[PDB]
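This report concerns only the one structure given below.
Letters A, B, C, D, E, F, G and H mark the chains as written, and numbering starts fresh at 1 in each.
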Amino acid sequence: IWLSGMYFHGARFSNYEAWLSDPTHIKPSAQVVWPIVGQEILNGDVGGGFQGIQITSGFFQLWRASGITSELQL
Amino acid sequence: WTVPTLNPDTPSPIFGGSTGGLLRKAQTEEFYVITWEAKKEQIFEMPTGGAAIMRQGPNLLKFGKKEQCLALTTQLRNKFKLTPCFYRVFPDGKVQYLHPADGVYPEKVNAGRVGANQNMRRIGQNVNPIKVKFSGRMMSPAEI
Amino acid sequence: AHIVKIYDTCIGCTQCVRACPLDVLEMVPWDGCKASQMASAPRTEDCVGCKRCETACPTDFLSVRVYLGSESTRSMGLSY
Amino acid sequence: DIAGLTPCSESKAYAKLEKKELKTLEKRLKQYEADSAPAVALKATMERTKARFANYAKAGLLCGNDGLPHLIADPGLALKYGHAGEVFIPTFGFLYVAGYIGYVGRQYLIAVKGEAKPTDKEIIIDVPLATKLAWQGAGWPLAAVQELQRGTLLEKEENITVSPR
Amino acid sequence: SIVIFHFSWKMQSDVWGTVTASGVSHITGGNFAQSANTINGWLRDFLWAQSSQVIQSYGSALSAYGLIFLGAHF
Amino acid sequence: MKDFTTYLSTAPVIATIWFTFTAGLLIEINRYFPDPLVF
Amino acid sequence: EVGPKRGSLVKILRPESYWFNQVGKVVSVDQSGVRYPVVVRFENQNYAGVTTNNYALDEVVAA
Amino acid sequence: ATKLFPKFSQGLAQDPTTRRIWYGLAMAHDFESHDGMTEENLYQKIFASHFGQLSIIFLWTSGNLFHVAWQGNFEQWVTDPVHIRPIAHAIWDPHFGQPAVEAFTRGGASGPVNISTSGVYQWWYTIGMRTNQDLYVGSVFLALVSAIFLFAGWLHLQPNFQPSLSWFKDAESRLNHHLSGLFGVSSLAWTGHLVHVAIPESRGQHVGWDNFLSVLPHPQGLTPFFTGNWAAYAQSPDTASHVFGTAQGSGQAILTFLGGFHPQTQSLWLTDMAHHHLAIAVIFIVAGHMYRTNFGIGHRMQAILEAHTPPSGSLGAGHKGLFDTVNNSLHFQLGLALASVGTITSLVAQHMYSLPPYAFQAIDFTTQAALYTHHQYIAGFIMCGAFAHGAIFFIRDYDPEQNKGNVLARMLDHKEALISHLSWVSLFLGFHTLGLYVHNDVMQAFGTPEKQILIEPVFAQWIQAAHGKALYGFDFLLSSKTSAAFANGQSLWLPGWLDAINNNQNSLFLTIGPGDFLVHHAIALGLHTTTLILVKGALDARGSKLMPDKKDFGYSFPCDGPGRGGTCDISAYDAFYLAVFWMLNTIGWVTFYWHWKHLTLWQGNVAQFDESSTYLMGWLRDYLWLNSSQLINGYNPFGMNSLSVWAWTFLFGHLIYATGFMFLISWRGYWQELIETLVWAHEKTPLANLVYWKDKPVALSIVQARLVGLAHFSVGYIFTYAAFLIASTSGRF
């Protein structure tokens, strides 16, 4: 369930597709917060026209190593 | 019933030795010796660590404190249903029988035992420490 | 040595004697309860103060009390 | 006004802080497009900031030298200068909800204490009884005052255990 | 904790860094060999110096980390 | 079904549902009424 | 016939008792001259997990 | 065999383990627990101990005077007390290298010295000391006084000089002599010194033992005192242009009540202090004639206590029997004395920073900070001791039969209500103070500082306005120009006091805001929680539901075993033990608040504190991280400076604190088993088994472990904060 959640977050609330075209400048992000009580500030400018929390789990690099290029596969 | 006498020439259980045995206290202060009778050869656990084999018949062992002897007594009584007994030996050679003191185990009442350290009152009836103050030394109200 | 005291609220259940790990307590005849027995402490010089007897006592409040007193080789449970 | 403070509608530091917040939000927005999700989210945050500042100034809050609103806890000053909405009305609101919760819980404990196994009802909550008591707890101040006046709110000293002193 | 502290300081001091013209500039400037031999060096150059990013993170996207940094002390 | 409802009536499940309801109510109030500081 | 009736509720008057000023059910009363003939059972256990105790005739009151 | 040490305990002397030495050292002053101790012998031993303590105090004072006179710069500091740092003593350490030698060589000395932070320079300068000869003479005099006190202590133990038990119980005579002689006459003598030496020395006139009999303190010479024209002593005071130590701008008055501070020294007027001591001397002397001793007139404290019971019976028997339970219990008297002394120590700290009495003390920021922190920590420790002795009184000296129905018995009658209400107050304060802090932290983190809750302290600001501060604008009492209270003091002391309180450059009633409100609530939480632990431990000292016979085990015992659910830390000693941590936390909060507010004040930016004290991140970054930069840079790979000793002390305190956590977390059993393995290793090692121990090695007891862990915790706490405070305040200024 946890792994499926990681793949779902990388497929619907991430910037993996944009990060593929520029992995040296775009920060990996796979978590977005809802705009409530002023917490939207946590959705930082990670690059690629995306706003979210910079993840450090390394799922982007693992997916790139496996040959995943689209959100449909995730 | 009569008080038994320690037999120093009694075979000991088969044990290869350990580092949890006797120390200088046995040679300078005192030590304890436990003896028991076994119906057959059986492997038991030593209170100081390890597994020993008690032989058929008399068995003698030495320990540094009385708690080790009573722990072995409890193990032999509850598991193998034996009746062990121990003594306190001094470096001069004096032997003092310890348990069972009157030949009967203390858990069961036996005639001839005189009660000691018994207060004919309850805890709530104890006096305050102020009435015990300025005594010979630190005394609790329960001691009177 | 520690001070072990028995009180008259004892019911003679012999649970404190069975729980003593150094043979300090025993049972003596008595007439103040149904069991006709009472706990006793005739070997307090060997008491270490573990208070297992107090843990095994079912009366409220306890019928056996252990007050930590002077410390010696036996009371400290030293094998050296 | 009170304690040498000035109203937030006239404080220069208040407007300066509003301009600073809008400036950093606009600076972050300058790096995105004009019809994208981050642009819409940043614009929504900017509108929320403007509305919050206007609402705080409209409420009549007092701002200090730092430009931040300051609350008045004294009932006399709050009722004399129109600051009862800061600390007075929320005080009574919390008292009502807190006493509501406490009264409902006390009623549930008293109700399940007369059963066969009250502890079982304490671990496994009786939902119908709890819901009925939760709905009936709206009149907790009146019921509490009546219980206090009848002498049934407290327990006698002889029925409460104490230490041997 | 001492293991991860050593890893972080060693990587930021002698491995990680940017590449410039005829030279490599590290994150901390190679101060591990000169300051990791004293407890004062670990407290000042590693704990006091590197904690600046988490204490002044308020008002940005990493502010949450700062909040947790305080919550974890609690 | 009776046993399932009794299980749902236990303290952790009831606490979870109640706290989810209370948190949702507070979140929705703060969503429709953003930044409430004074009455 | 001495002591409280079996099955009745009494209040403990022993100060050092855990159930002091608490109500307990009477189980049995000894007919001999023992110090504590009344046997009282309680619904709440003490710190030792015990729910019964022995009390004297003057240590319990019908409450 | 039986050892000689300890001679006061036969049971401890028969102990064959290392516990004998530790317990003999920790039970040396517990005279009530000694073998064959009586009441008369107890009082005699306490009398001798008191004399020895006075001897130590006087010797310590003489040592400070001698070192300042020998290795200090007092003769140069009096010339320029604004730009010259005081010198404590010289440094002679063979471990110092060359850079450390030139680093500590400062302050005009010829070698490495220590810059004093105790403030004895300002105090001695204000009271009249000018040269090193004066300090040398004072040091010799105090050494002689110390030797005399030590001889008195030895003499009162020999036969024909031991006081009887009845002499020690003469409460009326002792109280009369302490109020009239120890307090009133001493204050009158201090007034004589201020009028005769301090005041003329502050006006450039030298008055010493060689000419004080030929120099008049006032030009009218005792005539106005005898004729009743006392107002003649307040005529012609020091003007606003008076230079301390010189005759320029000096006056002739000796007893004034101008109020406020001196325009140059920023301290209280010497004439005002002299007049203060004279008034309190008269009051204390008059109060010293209240009790009946040997002339029929006076009171009997037993009669006043017995005749003070309310008629409705709200207080039961009232104070009947309270005279005997206090006079016959030394722990009750010790607890009362420690409670009053702790409160007075706190009062000293507050009044000393707000109203500086010594010349050029407010400019010395390090001295002010160190003095305030020192007195507050001393006060906290003394308060904890007062409550601990109250618990000891309940266990060892309280008699329910003698105190039947009085207020003392009624306190234990409703102790559950007191503990429960203390718990409720502490819970409310903690929940709300922490909630407001976390809310402000979240608002500052999300970039919305206008959304944090900032409650203005209108009550304290209202009090400040009542004292004369017109910043808030309340305009009432001393703040209003048309009030009776204002007009009645405009000719005596209100001008100077108003000018000083309306000045924002001093510490006299500093401006407060929401940050002050929040930290004051944190202080209230600390006080209430420490009080809850101490009060609960004193009331439950005689027993509880878990241990109905706790009084039969003494004040300090390990536990009651793992039975009945577990009884760890059940004694009253353990309650005091847990309360010491809360006391350290409370004093830490008050000293943190004091240091940060004063640091921002001295730096000229109070807005920094006003805007960063409302959230905990501001406290951690703008106060702890920002002010420790110079401290941790005392020694670095590029060299070192004079501030390296504070950096070493900082790390030293951290190490001691962490070492305390070991005795605090790990318990006896593990260590005892480890020690047994070590015993076997030593007994089975050749060339080493020939050397045997005299005491059997055993692990530290549970109570000893708690005491050792708390001692390390407190030592590390104190040393760490002292090093940080002194280094930050001295380096910044």
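Simple rule for what comes next: a contact is a pair of C-beta atoms (placed from the backbone, for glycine too) under 8 Å apart; a residue touches a chain by one contact, two chains touch by 3 or more.
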Worksheet item: Which number of steps is the smallest that gets you from chain C over to chain H via touching chains?
Response: 1
Practice prompt. Check every other chain and keep only those touching both chain B and chain H; list them.
Written response: C, G
Discussion item. Of the chains shown, whose Cα centre falls closest to the middle of all protein Cα atoms?
Written reply: H
Worksheet item: What is the distance, in whole Å, between the centres of chain C and chain G, each centre taken as the mean of its C-alpha atoms?
Response: 25
Response to the item:
Between chain A and chain G, the Cα-mean centres are separated in Å by 70
Discussion item. Measuring centre to centre with CA averages, how many angstrom lie between chain D and chain G?
Written reply: 50
Worksheet entry | Numbers and ranges of chain G residues touching at least 2 other chains | 15-16, 18-19, 46, 48
Worksheet item: Counting only residues that touch at least 2 other chains, which ones in chain E make the list?
Response: 59-60, 63-64
Practice prompt. Among the residues of chain B, pick out those that touch two or more other chains and give their numbers.
Written response: 23-24, 122-124, 140, 142
Worksheet item: For the complex, which residues does chain H have touching chain G?
Response: 545-546, 548-549, 563-565
Practice prompt. Sort out for me which residues of chain C touch chain G in the complex.
Written response: 8-9, 11, 32-34, 55, 57-61
Worksheet item: Considering the complex alone, what residue numbers of chain A touch chain E?
Response: 41-45, 53-54
Practice prompt. In the complex, go through chain H and note every residue touching chain B.
Written response: 9-11, 32-33, 35-39, 395-400, 548-549, 551-554, 679-680, 683-684, 692
Worksheet, complete the sentence: The answer for chain D against chain G in the complex is residues 158-162, 164-165
